[PDB]
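>>> show me the folded form of this:
(chains A and B)
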Amino acid sequence: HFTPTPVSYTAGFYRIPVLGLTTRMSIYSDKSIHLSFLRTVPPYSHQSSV
Amino acid sequence: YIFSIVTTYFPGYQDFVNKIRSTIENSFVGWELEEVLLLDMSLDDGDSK
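Numbering: from 1, shown residues only, chains lettered A, B, ... in the order given. Provided below are the atomic coordinates:
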C-alpha cells in the first residue's frame, strides 16, 4: 500500500497518467486524493456486489 | 428561503451537498428543497440531456 503513494504523488504534479497493475487497496478509490490512476484488478468494493 | 443544488462529478461536491442536506434537514425554521442534480459533464454527446 505504501508503494502506490510515492509514484502517484510524484507523477500527479504534471498530471501524467499512471496505470496500476497489482493495487487493490480501497483507499485509492476517490479521484480527489489520487488524480490519475488506472487499475488492472478489482477493488474490494466489488466484493460487496459479489 | 428556497434554493436547489447542482454539482459535478467531484467527490468534494457530493460531500458538501450531503453536509448541507444534513444541516438543513434538522432545522426548526422552514425550508423548501426542489430537487438535486448530479449531471456528469464527462459524457460524450450528453450535453443535450
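
>>> what about residue B:5, is that helix, strand or coil?
What DSSP: H, G, I helix; E, B strand; the rest coil gives for residue B:5 is strand.

>>> the nearest residue to it once chain neighbours are set aside: neighbour count?
Leaving aside its chain neighbours, residue B:5 sits nearest to residue B:36 (5.0 Å; criterion: CB to CB, 6 or more residues apart in numbering or on different chains). Backbone N, C-alpha and C define where each C-beta goes, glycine included. Counted with other CB atoms under 10 Å in any protein chain shown, residues neighbouring residue B:36 total 11.

>>> residue B:36: which element?
Following DSSP states H and E, one finds residue B:36 within strand B:32-37.

>>> give the burial count for residue 8, as a bare number.
Answering for chain A, as no chain was given. 19.

>>> meant chain B actually
Around residue B:8 there are 13 other residues, counting by other CB under 10 Å.

>>> so it is in contact with residue B:43, correct?
No. Counting by CB atoms under 8 Å, residue B:8 does not reach residue B:43; the two are 11.8 Å apart.

>>> next, residue B:44: secondary structure please.
Per three-state DSSP, residue B:44 ends up coil.

>>> which parts of chain B sit against chain A?
Residues of chain B found near chain A (CB under 8 Å from any CB of the partner chain) are B:10-12.

>>> chain A versus the most far-flung residue of chain B relative to its centre, what's the distance?
Among the C-alpha atoms of chain B, the one most distant from their mean position (CA atoms, centre = their mean) is that of residue B:45, at 22.8 Å. Going from residue B:45 to chain A by CB to the nearest CB, to the nearest Å gives 23 Å.

>>> element containing residue B:30?
Per DSSP H and E: nothing holds residue B:30, as it lies in no helix or strand.
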